[PDB]
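Have a look at model_0.cif below; it lists mmCIF, C-alpha atoms; chains and numbers go by the auth columns.
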data_entry
loop_
_atom_site.group_PDB
_atom_site.id
_atom_site.type_symbol
_atom_site.label_atom_id
_atom_site.label_comp_id
_atom_site.label_asym_id
_atom_site.label_seq_id
_atom_site.Cartn_x
_atom_site.Cartn_y
_atom_site.Cartn_z
_atom_site.B_iso_or_equiv
_atom_site.auth_seq_id
_atom_site.auth_asym_id
ATOM 1 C CA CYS A 1 -20.970 16.800 4.988 0.00 24 A
ATOM 2 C CA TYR A 2 -18.875 16.886 8.124 0.00 25 A
ATOM 3 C CA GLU A 3 -20.960 17.420 11.247 0.00 26 A
ATOM 4 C CA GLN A 4 -19.782 18.751 14.594 0.00 27 A
ATOM 5 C CA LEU A 5 -18.317 16.462 17.267 0.00 28 A
ATOM 6 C CA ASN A 6 -19.870 16.952 20.707 0.00 29 A
ATOM 7 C CA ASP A 7 -17.845 15.533 23.600 0.00 30 A
ATOM 8 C CA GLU A 8 -19.270 12.236 24.935 0.00 31 A
ATOM 9 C CA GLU A 9 -17.011 12.142 28.027 0.00 32 A
ATOM 10 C CA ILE B 1 9.563 12.258 15.794 0.00 159 B
ATOM 11 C CA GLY B 2 10.094 11.914 12.044 0.00 160 B
ATOM 12 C CA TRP B 3 6.451 12.063 10.892 0.00 161 B
ATOM 13 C CA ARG B 4 5.567 15.533 12.276 0.00 162 B
ATOM 14 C CA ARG B 5 7.794 18.610 12.224 0.00 163 B
ATOM 15 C CA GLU B 6 8.042 21.038 15.138 0.00 164 B
ATOM 16 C CA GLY B 7 6.890 24.621 15.280 0.00 165 B
ATOM 17 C CA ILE B 8 3.579 23.964 13.580 0.00 166 B
ATOM 18 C CA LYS B 9 1.266 26.805 14.556 0.00 167 B
ATOM 19 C CA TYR B 10 -2.310 27.082 13.290 0.00 168 B
ATOM 20 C CA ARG B 11 -4.607 30.009 13.968 0.00 169 B
ATOM 21 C CA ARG B 12 -7.846 27.971 13.807 0.00 170 B
ATOM 22 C CA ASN B 13 -7.187 24.447 15.126 0.00 171 B
ATOM 23 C CA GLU B 14 -9.618 22.203 13.265 0.00 172 B
ATOM 24 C CA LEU B 15 -10.152 18.481 13.220 0.00 173 B
ATOM 25 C CA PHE B 16 -11.702 16.402 10.461 0.00 174 B
ATOM 26 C CA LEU B 17 -12.427 12.682 10.978 0.00 175 B
ATOM 27 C CA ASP B 18 -13.649 10.518 8.085 0.00 176 B
ATOM 28 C CA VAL B 19 -14.812 7.019 8.992 0.00 177 B
ATOM 29 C CA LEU B 20 -15.137 5.045 5.740 0.00 178 B
ATOM 30 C CA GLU B 21 -16.654 1.574 5.540 0.00 179 B
ATOM 31 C CA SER B 22 -17.492 -0.916 2.798 0.00 180 B
ATOM 32 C CA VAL B 23 -20.290 -3.268 3.877 0.00 181 B
ATOM 33 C CA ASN B 24 -20.212 -6.637 2.091 0.00 182 B
ATOM 34 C CA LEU B 25 -23.073 -9.143 1.984 0.00 183 B
ATOM 35 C CA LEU B 26 -24.071 -12.375 0.271 0.00 184 B
ATOM 36 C CA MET B 27 -27.691 -13.223 0.988 0.00 185 B
ATOM 37 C CA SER B 28 -29.870 -16.188 -0.022 0.00 186 B
ATOM 38 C CA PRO B 29 -33.062 -15.376 -1.948 0.00 187 B
ATOM 39 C CA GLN B 30 -35.284 -16.125 1.072 0.00 188 B
ATOM 40 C CA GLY B 31 -33.467 -13.615 3.337 0.00 189 B
ATOM 41 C CA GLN B 32 -30.726 -15.659 5.055 0.00 190 B
ATOM 42 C CA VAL B 33 -27.330 -13.964 5.464 0.00 191 B
ATOM 43 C CA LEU B 34 -24.679 -16.233 3.884 0.00 192 B
ATOM 44 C CA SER B 35 -21.652 -13.948 4.535 0.00 193 B
ATOM 45 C CA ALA B 36 -21.102 -10.391 5.664 0.00 194 B
ATOM 46 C CA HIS B 37 -18.296 -8.181 6.886 0.00 195 B
ATOM 47 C CA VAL B 38 -17.349 -4.511 7.069 0.00 196 B
ATOM 48 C CA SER B 39 -13.920 -3.172 6.141 0.00 197 B
ATOM 49 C CA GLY B 40 -13.290 0.238 7.616 0.00 198 B
ATOM 50 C CA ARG B 41 -10.639 2.863 7.898 0.00 199 B
ATOM 51 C CA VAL B 42 -10.483 6.059 9.918 0.00 200 B
ATOM 52 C CA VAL B 43 -8.588 8.907 8.199 0.00 201 B
ATOM 53 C CA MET B 44 -7.865 12.066 10.176 0.00 202 B
ATOM 54 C CA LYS B 45 -7.381 15.538 8.747 0.00 203 B
ATOM 55 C CA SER B 46 -5.506 17.398 11.521 0.00 204 B
ATOM 56 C CA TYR B 47 -4.696 21.174 11.730 0.00 205 B
ATOM 57 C CA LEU B 48 -3.427 21.427 15.328 0.00 206 B
ATOM 58 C CA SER B 49 -0.621 23.572 16.698 0.00 207 B
ATOM 59 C CA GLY B 50 2.687 22.254 18.005 0.00 208 B
ATOM 60 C CA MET B 51 3.052 18.563 18.851 0.00 209 B
ATOM 61 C CA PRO B 52 -0.323 17.579 20.305 0.00 210 B
ATOM 62 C CA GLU B 53 -1.085 14.324 22.090 0.00 211 B
ATOM 63 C CA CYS B 54 -4.499 12.899 21.156 0.00 212 B
ATOM 64 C CA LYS B 55 -6.720 10.121 22.466 0.00 213 B
ATOM 65 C CA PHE B 56 -9.237 8.655 20.010 0.00 214 B
ATOM 66 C CA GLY B 57 -12.301 6.995 21.476 0.00 215 B
ATOM 67 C CA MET B 58 -15.239 4.967 20.240 0.00 216 B
ATOM 68 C CA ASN B 59 -17.542 2.106 21.238 0.00 217 B
ATOM 69 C CA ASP B 60 -15.148 -0.821 21.276 0.00 218 B
ATOM 70 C CA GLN B 61 -24.930 0.053 21.088 0.00 239 B
ATOM 71 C CA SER B 62 -21.240 -1.000 20.934 0.00 240 B
ATOM 72 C CA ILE B 63 -19.012 -2.991 18.506 0.00 241 B
ATOM 73 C CA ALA B 64 -16.724 -5.948 18.046 0.00 242 B
ATOM 74 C CA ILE B 65 -13.566 -5.323 16.036 0.00 243 B
ATOM 75 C CA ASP B 66 -12.114 -8.535 14.660 0.00 244 B
ATOM 76 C CA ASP B 67 -8.788 -6.990 13.542 0.00 245 B
ATOM 77 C CA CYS B 68 -6.850 -3.707 13.699 0.00 246 B
ATOM 78 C CA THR B 69 -3.774 -2.219 12.122 0.00 247 B
ATOM 79 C CA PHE B 70 -2.698 1.239 13.323 0.00 248 B
ATOM 80 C CA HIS B 71 -0.605 4.104 12.038 0.00 249 B
ATOM 81 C CA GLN B 72 2.959 4.006 13.366 0.00 250 B
ATOM 82 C CA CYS B 73 2.184 6.987 15.630 0.00 251 B
ATOM 83 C CA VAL B 74 -0.144 4.991 17.928 0.00 252 B
ATOM 84 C CA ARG B 75 0.908 3.515 21.268 0.00 253 B
ATOM 85 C CA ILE B 76 -5.718 4.589 21.678 0.00 263 B
ATOM 86 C CA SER B 77 -3.224 7.495 21.850 0.00 264 B
ATOM 87 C CA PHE B 78 -0.800 9.144 19.438 0.00 265 B
ATOM 88 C CA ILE B 79 0.831 12.373 18.246 0.00 266 B
ATOM 89 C CA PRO B 80 -0.777 12.821 14.805 0.00 267 B
ATOM 90 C CA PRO B 81 1.043 13.933 11.658 0.00 268 B
ATOM 91 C CA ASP B 82 0.022 17.243 10.166 0.00 269 B
ATOM 92 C CA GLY B 83 -2.633 17.108 7.492 0.00 270 B
ATOM 93 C CA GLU B 84 -4.303 13.976 6.220 0.00 271 B
ATOM 94 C CA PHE B 85 -3.241 10.484 7.319 0.00 272 B
ATOM 95 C CA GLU B 86 -4.914 7.096 7.935 0.00 273 B
ATOM 96 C CA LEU B 87 -5.205 6.423 11.672 0.00 274 B
ATOM 97 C CA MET B 88 -6.376 2.775 11.522 0.00 275 B
ATOM 98 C CA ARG B 89 -7.901 0.049 9.369 0.00 276 B
ATOM 99 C CA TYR B 90 -10.371 -2.415 10.853 0.00 277 B
ATOM 100 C CA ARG B 91 -12.751 -5.237 9.950 0.00 278 B
ATOM 101 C CA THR B 92 -15.915 -6.314 11.769 0.00 279 B
ATOM 102 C CA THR B 93 -18.327 -9.171 11.179 0.00 280 B
ATOM 103 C CA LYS B 94 -20.859 -9.258 14.042 0.00 281 B
ATOM 104 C CA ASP B 95 -23.943 -7.031 14.304 0.00 282 B
ATOM 105 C CA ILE B 96 -23.509 -5.249 11.012 0.00 283 B
ATOM 106 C CA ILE B 97 -26.303 -2.962 9.870 0.00 284 B
ATOM 107 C CA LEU B 98 -27.491 -4.199 6.517 0.00 285 B
ATOM 108 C CA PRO B 99 -28.664 -0.937 4.958 0.00 286 B
ATOM 109 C CA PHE B 100 -30.776 -2.570 2.226 0.00 287 B
ATOM 110 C CA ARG B 101 -32.667 -5.826 1.890 0.00 288 B
ATOM 111 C CA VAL B 102 -33.054 -7.135 -1.671 0.00 289 B
ATOM 112 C CA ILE B 103 -36.098 -9.255 -2.326 0.00 290 B
ATOM 113 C CA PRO B 104 -36.139 -11.037 -5.687 0.00 291 B
ATOM 114 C CA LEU B 105 -39.129 -12.646 -7.416 0.00 292 B
ATOM 115 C CA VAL B 106 -38.880 -14.581 -10.693 0.00 293 B
ATOM 116 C CA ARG B 107 -41.799 -16.196 -12.569 0.00 294 B
ATOM 117 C CA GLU B 108 -41.161 -18.416 -15.593 0.00 295 B
ATOM 118 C CA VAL B 109 -43.693 -18.169 -18.424 0.00 296 B
ATOM 119 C CA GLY B 110 -43.562 -21.081 -20.814 0.00 297 B
ATOM 120 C CA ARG B 111 -40.180 -21.088 -22.487 0.00 298 B
ATOM 121 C CA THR B 112 -40.763 -17.568 -23.786 0.00 299 B
ATOM 122 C CA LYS B 113 -40.786 -14.796 -21.157 0.00 300 B
ATOM 123 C CA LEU B 114 -39.575 -14.088 -17.623 0.00 301 B
ATOM 124 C CA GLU B 115 -41.609 -12.011 -15.184 0.00 302 B
ATOM 125 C CA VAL B 116 -39.291 -10.413 -12.611 0.00 303 B
ATOM 126 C CA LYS B 117 -40.037 -8.177 -9.611 0.00 304 B
ATOM 127 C CA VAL B 118 -37.287 -6.927 -7.268 0.00 305 B
ATOM 128 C CA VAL B 119 -37.929 -4.973 -4.059 0.00 306 B
ATOM 129 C CA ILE B 120 -35.527 -2.770 -2.152 0.00 307 B
ATOM 130 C CA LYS B 121 -36.266 -2.331 1.532 0.00 308 B
ATOM 131 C CA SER B 122 -34.051 0.335 3.131 0.00 309 B
ATOM 132 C CA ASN B 123 -33.287 -0.401 6.783 0.00 310 B
ATOM 133 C CA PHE B 124 -31.997 2.618 8.736 0.00 311 B
ATOM 134 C CA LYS B 125 -33.345 5.760 10.447 0.00 312 B
ATOM 135 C CA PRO B 126 -35.816 7.559 8.117 0.00 313 B
ATOM 136 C CA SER B 127 -34.065 10.843 8.949 0.00 314 B
ATOM 137 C CA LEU B 128 -31.130 9.708 6.714 0.00 315 B
ATOM 138 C CA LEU B 129 -30.745 9.482 2.912 0.00 316 B
ATOM 139 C CA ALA B 130 -29.032 6.700 1.031 0.00 317 B
ATOM 140 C CA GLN B 131 -27.461 7.939 -2.188 0.00 318 B
ATOM 141 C CA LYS B 132 -26.070 6.613 -5.462 0.00 319 B
ATOM 142 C CA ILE B 133 -28.348 3.562 -5.506 0.00 320 B
ATOM 143 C CA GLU B 134 -27.938 1.000 -8.296 0.00 321 B
ATOM 144 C CA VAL B 135 -29.536 -2.436 -8.599 0.00 322 B
ATOM 145 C CA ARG B 136 -28.180 -4.835 -11.196 0.00 323 B
ATOM 146 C CA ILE B 137 -30.598 -7.535 -12.297 0.00 324 B
ATOM 147 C CA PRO B 138 -28.917 -10.093 -14.586 0.00 325 B
ATOM 148 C CA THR B 139 -30.873 -11.145 -17.695 0.00 326 B
ATOM 149 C CA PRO B 140 -30.253 -14.492 -19.471 0.00 327 B
ATOM 150 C CA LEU B 141 -28.164 -14.653 -22.603 0.00 328 B
ATOM 151 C CA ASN B 142 -31.083 -15.504 -24.889 0.00 329 B
ATOM 152 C CA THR B 143 -33.148 -12.332 -24.326 0.00 330 B
ATOM 153 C CA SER B 144 -34.664 -10.461 -27.315 0.00 331 B
ATOM 154 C CA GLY B 145 -35.948 -7.522 -25.362 0.00 332 B
ATOM 155 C CA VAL B 146 -36.902 -6.585 -21.861 0.00 333 B
ATOM 156 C CA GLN B 147 -39.718 -4.318 -20.678 0.00 334 B
ATOM 157 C CA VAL B 148 -39.535 -2.638 -17.276 0.00 335 B
ATOM 158 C CA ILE B 149 -41.523 -0.054 -15.367 0.00 336 B
ATOM 159 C CA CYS B 150 -40.236 1.670 -12.252 0.00 337 B
ATOM 160 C CA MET B 151 -41.817 4.121 -9.826 0.00 338 B
ATOM 161 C CA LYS B 152 -38.804 5.487 -7.997 0.00 339 B
ATOM 162 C CA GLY B 153 -35.780 6.016 -10.229 0.00 340 B
ATOM 163 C CA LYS B 154 -34.855 5.206 -13.848 0.00 341 B
ATOM 164 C CA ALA B 155 -33.958 1.795 -15.323 0.00 342 B
ATOM 165 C CA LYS B 156 -32.240 0.835 -18.621 0.00 343 B
ATOM 166 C CA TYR B 157 -31.444 -2.626 -19.978 0.00 344 B
ATOM 167 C CA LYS B 158 -27.758 -2.529 -20.848 0.00 345 B
ATOM 168 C CA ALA B 159 -27.858 -5.514 -23.237 0.00 346 B
ATOM 169 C CA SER B 160 -24.094 -5.353 -23.797 0.00 347 B
ATOM 170 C CA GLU B 161 -23.684 -5.818 -20.004 0.00 348 B
ATOM 171 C CA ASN B 162 -26.545 -8.397 -20.138 0.00 349 B
ATOM 172 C CA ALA B 163 -28.283 -6.963 -17.048 0.00 350 B
ATOM 173 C CA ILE B 164 -31.021 -4.485 -16.204 0.00 351 B
ATOM 174 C CA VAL B 165 -29.567 -1.475 -14.394 0.00 352 B
ATOM 175 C CA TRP B 166 -31.869 0.424 -12.023 0.00 353 B
ATOM 176 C CA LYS B 167 -30.536 3.719 -10.672 0.00 354 B
ATOM 177 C CA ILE B 168 -32.012 5.754 -7.799 0.00 355 B
ATOM 178 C CA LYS B 169 -30.760 9.127 -6.577 0.00 356 B
ATOM 179 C CA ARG B 170 -31.998 9.225 -2.954 0.00 357 B
ATOM 180 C CA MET B 171 -33.987 6.954 -0.663 0.00 358 B
ATOM 181 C CA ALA B 172 -34.852 7.480 2.997 0.00 359 B
ATOM 182 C CA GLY B 173 -34.639 4.907 5.741 0.00 360 B
ATOM 183 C CA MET B 174 -37.555 2.603 6.484 0.00 361 B
ATOM 184 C CA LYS B 175 -39.030 2.813 2.991 0.00 362 B
ATOM 185 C CA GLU B 176 -39.395 0.511 0.041 0.00 363 B
ATOM 186 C CA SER B 177 -39.264 0.878 -3.738 0.00 364 B
ATOM 187 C CA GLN B 178 -39.705 -1.766 -6.394 0.00 365 B
ATOM 188 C CA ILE B 179 -39.137 -2.539 -10.058 0.00 366 B
ATOM 189 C CA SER B 180 -40.897 -4.957 -12.415 0.00 367 B
ATOM 190 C CA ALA B 181 -39.541 -6.449 -15.644 0.00 368 B
ATOM 191 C CA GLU B 182 -40.776 -8.641 -18.467 0.00 369 B
ATOM 192 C CA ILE B 183 -37.925 -10.439 -20.238 0.00 370 B
ATOM 193 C CA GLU B 184 -38.663 -11.830 -23.712 0.00 371 B
ATOM 194 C CA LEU B 185 -36.579 -14.957 -24.444 0.00 372 B
ATOM 195 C CA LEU B 186 -35.257 -16.581 -27.614 0.00 373 B
ATOM 196 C CA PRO B 187 -35.299 -20.366 -27.885 0.00 374 B
ATOM 197 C CA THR B 188 -32.246 -22.244 -26.684 0.00 375 B
ATOM 198 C CA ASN B 189 -30.832 -25.667 -25.765 0.00 376 B
ATOM 199 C CA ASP B 190 -33.099 -26.872 -22.988 0.00 377 B
ATOM 200 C CA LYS B 191 -30.108 -28.992 -21.965 0.00 378 B
ATOM 201 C CA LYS B 192 -28.564 -26.087 -20.026 0.00 379 B
ATOM 202 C CA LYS B 193 -30.769 -24.501 -17.386 0.00 380 B
ATOM 203 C CA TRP B 194 -29.658 -20.929 -16.668 0.00 381 B
ATOM 204 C CA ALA B 195 -26.993 -20.250 -14.008 0.00 382 B
ATOM 205 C CA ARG B 196 -28.893 -17.398 -12.277 0.00 383 B
ATOM 206 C CA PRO B 197 -26.455 -14.703 -11.084 0.00 384 B
ATOM 207 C CA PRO B 198 -27.348 -12.727 -7.944 0.00 385 B
ATOM 208 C CA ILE B 199 -28.708 -9.207 -7.794 0.00 386 B
ATOM 209 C CA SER B 200 -26.056 -6.570 -7.098 0.00 387 B
ATOM 210 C CA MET B 201 -26.403 -3.265 -5.271 0.00 388 B
ATOM 211 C CA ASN B 202 -24.357 -0.146 -4.728 0.00 389 B
ATOM 212 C CA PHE B 203 -25.304 2.638 -2.343 0.00 390 B
ATOM 213 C CA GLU B 204 -23.861 5.341 -0.083 0.00 391 B
ATOM 214 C CA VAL B 205 -25.320 5.637 3.422 0.00 392 B
ATOM 215 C CA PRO B 206 -24.383 8.455 5.869 0.00 393 B
ATOM 216 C CA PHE B 207 -23.452 6.073 8.692 0.00 394 B
ATOM 217 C CA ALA B 208 -20.994 3.320 9.587 0.00 395 B
ATOM 218 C CA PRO B 209 -22.768 -0.036 9.014 0.00 396 B
ATOM 219 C CA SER B 210 -20.404 -1.522 11.621 0.00 397 B
ATOM 220 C CA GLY B 211 -22.303 0.678 14.076 0.00 398 B
ATOM 221 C CA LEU B 212 -19.133 2.647 14.763 0.00 399 B
ATOM 222 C CA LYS B 213 -19.547 5.981 16.470 0.00 400 B
ATOM 223 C CA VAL B 214 -16.739 8.269 17.651 0.00 401 B
ATOM 224 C CA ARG B 215 -17.143 9.040 21.345 0.00 402 B
ATOM 225 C CA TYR B 216 -14.286 11.492 21.831 0.00 403 B
ATOM 226 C CA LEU B 217 -11.182 12.812 20.143 0.00 404 B
ATOM 227 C CA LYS B 218 -9.243 14.766 22.744 0.00 405 B
ATOM 228 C CA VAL B 219 -6.283 17.074 22.006 0.00 406 B
ATOM 229 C CA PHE B 220 -3.688 17.938 24.670 0.00 407 B
ATOM 230 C CA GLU B 221 -0.914 20.466 24.053 0.00 408 B
ATOM 231 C CA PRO B 222 0.855 21.283 27.328 0.00 409 B
ATOM 232 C CA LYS B 223 3.436 23.784 26.087 0.00 410 B
ATOM 233 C CA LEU B 224 1.154 25.918 23.914 0.00 411 B
ATOM 234 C CA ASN B 225 -1.556 28.101 25.412 0.00 412 B
ATOM 235 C CA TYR B 226 -4.527 26.117 24.062 0.00 413 B
ATOM 236 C CA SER B 227 -6.593 23.196 25.388 0.00 414 B
ATOM 237 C CA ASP B 228 -9.149 20.639 24.197 0.00 415 B
ATOM 238 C CA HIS B 229 -12.109 23.037 24.414 0.00 416 B
ATOM 239 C CA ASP B 230 -10.400 25.191 21.732 0.00 417 B
ATOM 240 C CA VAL B 231 -10.356 22.683 18.822 0.00 418 B
ATOM 241 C CA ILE B 232 -13.097 22.731 16.196 0.00 419 B
ATOM 242 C CA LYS B 233 -13.881 19.050 15.591 0.00 420 B
ATOM 243 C CA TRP B 234 -15.854 17.426 12.783 0.00 421 B
ATOM 244 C CA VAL B 235 -16.747 13.815 11.884 0.00 422 B
ATOM 245 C CA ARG B 236 -18.345 12.296 8.775 0.00 423 B
ATOM 246 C CA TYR B 237 -19.531 8.696 8.281 0.00 424 B
ATOM 247 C CA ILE B 238 -19.588 7.206 4.774 0.00 425 B
ATOM 248 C CA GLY B 239 -20.716 3.657 4.091 0.00 426 B
ATOM 249 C CA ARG B 240 -20.195 2.336 0.571 0.00 427 B
ATOM 250 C CA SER B 241 -21.219 -1.043 -0.697 0.00 428 B
ATOM 251 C CA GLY B 242 -18.504 -3.460 -1.608 0.00 429 B
ATOM 252 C CA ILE B 243 -19.942 -6.778 -2.739 0.00 430 B
ATOM 253 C CA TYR B 244 -23.688 -6.634 -1.895 0.00 431 B
ATOM 254 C CA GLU B 245 -25.383 -9.603 -3.623 0.00 432 B
ATOM 255 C CA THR B 246 -28.773 -11.203 -2.998 0.00 433 B
ATOM 256 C CA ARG B 247 -28.746 -14.774 -4.335 0.00 434 B
ATOM 257 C CA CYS B 248 -31.027 -15.758 -7.232 0.00 435 B
#

Starting from the file, give its structure as structure tokens.
Amino acid sequence: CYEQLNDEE
Amino acid sequence: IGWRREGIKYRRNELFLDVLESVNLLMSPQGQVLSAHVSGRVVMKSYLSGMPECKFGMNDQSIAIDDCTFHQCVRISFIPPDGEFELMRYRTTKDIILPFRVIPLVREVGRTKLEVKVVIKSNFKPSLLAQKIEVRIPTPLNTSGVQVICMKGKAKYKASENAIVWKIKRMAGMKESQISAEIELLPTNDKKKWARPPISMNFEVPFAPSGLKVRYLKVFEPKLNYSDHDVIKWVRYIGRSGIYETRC
């Protein structure tokens, strides 16, 4: 399902 | 603000982002794309404390968006409502990922039988599984029986629906499966040649076929004693097939 969101900034 | 109350306080501030697309395709039998578009929406499940101000960011590998319509809270920045809401709808046409290629082959045999072989090529990273695969092969009206054999999956000839249905649970990227049929025909008015419907597909791929990726979703609450590094964030991509037809 949902996977983590690593910051791309 | 009339869409979000005040004094919302959550212990664990989580963030769920569903990006949902329906890839549509009409393709000639030889492989030429005759039409294609993606319709997408981005729904956001928010559990953040207070009245947070968020910036949502993505690749506008980038993407063209041919049209947008936002939630009333946008200005890409916004104060999101609590719970689940739809942040934006979009539609794209250029540089779509076509997650399957359908490759039809039809051999006439006298006026009696029809030899038919259809190949699925799956076109995405092999680390990813397409799911709920179905391939509809239309059979003529004057068919007495049909014989099929399939390697991957199971296939039944729904004669009521007048179409072979081939169903496949999983399939990984950069692979290919195929199905072969023999269709026994009754005699009929040779006046009317048969108006050959296209082959239909349905599938679920764990990625946006518009190539959309979420770069950042940043949360800023000034008053309350938390910051962006504190929010648990999650994103899922879900590509369904709308109308996915390969001609002939």

Practice task
Evaluate the PyMOL selection byres ((chain B) within 6 of (chain A)) here and jot the selected residues down as a PyMOL selection string.
Solution key: chain B and resi 402-403+420-423

Problem - Contact residues around residue 405 in chain B with all atoms listed in the file at 8 Å, ignoring same-chain residues under 3 positions, as an MDAnalysis selection string - result: chainID B and resid 212:214 415

Written selection (C-alpha atoms) as a short mmCIF file (atom, residue, chain, number, x, y, z; two decimals), keeping the file's coordinate frame:
data_model
loop_
_atom_site.label_atom_id
_atom_site.label_comp_id
_atom_site.auth_asym_id
_atom_site.auth_seq_id
_atom_site.Cartn_x
_atom_site.Cartn_y
_atom_site.Cartn_z
CA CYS B 212 -4.50 12.90 21.16
CA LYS B 213 -6.72 10.12 22.47
CA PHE B 214 -9.24 8.65 20.01
CA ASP B 415 -9.15 20.64 24.20
#

Exercise for the section: May I ask which of the residues B:326, B:172, B:367, B:334 is the closest one to residue 348 in chain B, counting all atoms listed in the file? Expected result: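 Looking only at the distances to residue 348 in chain B, the closest residue turns out to be B:326.
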
Could the centre and edge lengths of an axis-aligned box, enclosing all atoms of chain A in the file with 5 Å extra on each side, be given in Å to one decimal as AutoDock Vina command-line options?
--center_x -19.0 --center_y 15.4 --center_z 16.5 --size_x 14.0 --size_y 16.6 --size_z 33.0

Handout entry: Counting all atoms listed in the file, the option among B:363, B:282, B:321, B:432 closest to residue 242 in chain B
Key =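 Using all atoms listed in the file, residue 242 in chain B sits closest to B:282.
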
Practice task
Can you turn the PyMOL selection byres ((chain B and resi 286) around 8) into a concrete residue list for this file, as a PyMOL selection string?
Solution key: chain B and resi 284-285+287-288+309-311+392+396

Problem - d(CA of residue 390 in chain B, CA of residue 426 in chain B) in Å - result: 8.0 Å

Could you spell out the hits of the PyMOL selection byres ((chain B and resi 370) around 9) on the shown file, as a PDB file with C-alpha atoms, in the coordinates of the input?
ATOM      1  CA  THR B 299     -40.763 -17.568 -23.786  1.00  0.00           C
ATOM      2  CA  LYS B 300     -40.786 -14.796 -21.157  1.00  0.00           C
ATOM      3  CA  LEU B 301     -39.575 -14.088 -17.623  1.00  0.00           C
ATOM      4  CA  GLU B 302     -41.609 -12.011 -15.184  1.00  0.00           C
ATOM      5  CA  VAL B 303     -39.291 -10.413 -12.611  1.00  0.00           C
ATOM      6  CA  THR B 326     -30.873 -11.145 -17.695  1.00  0.00           C
ATOM      7  CA  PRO B 327     -30.253 -14.492 -19.471  1.00  0.00           C
ATOM      8  CA  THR B 330     -33.148 -12.332 -24.326  1.00  0.00           C
ATOM      9  CA  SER B 331     -34.664 -10.461 -27.315  1.00  0.00           C
ATOM     10  CA  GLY B 332     -35.948  -7.522 -25.362  1.00  0.00           C
ATOM     11  CA  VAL B 333     -36.902  -6.585 -21.861  1.00  0.00           C
ATOM     12  CA  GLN B 334     -39.718  -4.318 -20.678  1.00  0.00           C
ATOM     13  CA  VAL B 335     -39.535  -2.638 -17.276  1.00  0.00           C
ATOM     14  CA  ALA B 368     -39.541  -6.449 -15.644  1.00  0.00           C
ATOM     15  CA  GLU B 369     -40.776  -8.641 -18.467  1.00  0.00           C
ATOM     16  CA  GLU B 371     -38.663 -11.830 -23.712  1.00  0.00           C
ATOM     17  CA  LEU B 372     -36.579 -14.957 -24.444  1.00  0.00           C
TER      18      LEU B 372
END

Exercise for the section: Enumerate, as number ranges by chain, the protein, DNA and RNA residues whose atoms approach (-33.3, -17.2, -13.1) to within 7 Å, taking into account only C-alpha atoms and the coordinate frame of the file. Expected result: B: 293, 381, 383, 435

Problem - Nearest to residue 204 in chain B by atom-to-atom distance, counting only C-alpha atoms, from B:253, B:434, B:323, B:167 - result: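 So, comparing all the options, the nearest one is B:167.
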
Problem - Separation of CA of residue 315 in chain B from CA of residue 217 in chain B in Å - result: 21.3 Å

Handout entry: Coordinates-based distance that separates CA of residue 274 in chain B from CA of residue 394 in chain B (Å, one decimal)
Key =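 Value for the CA of residue 394 in chain B-CA of residue 274 in chain B distance: 18.5 Å.
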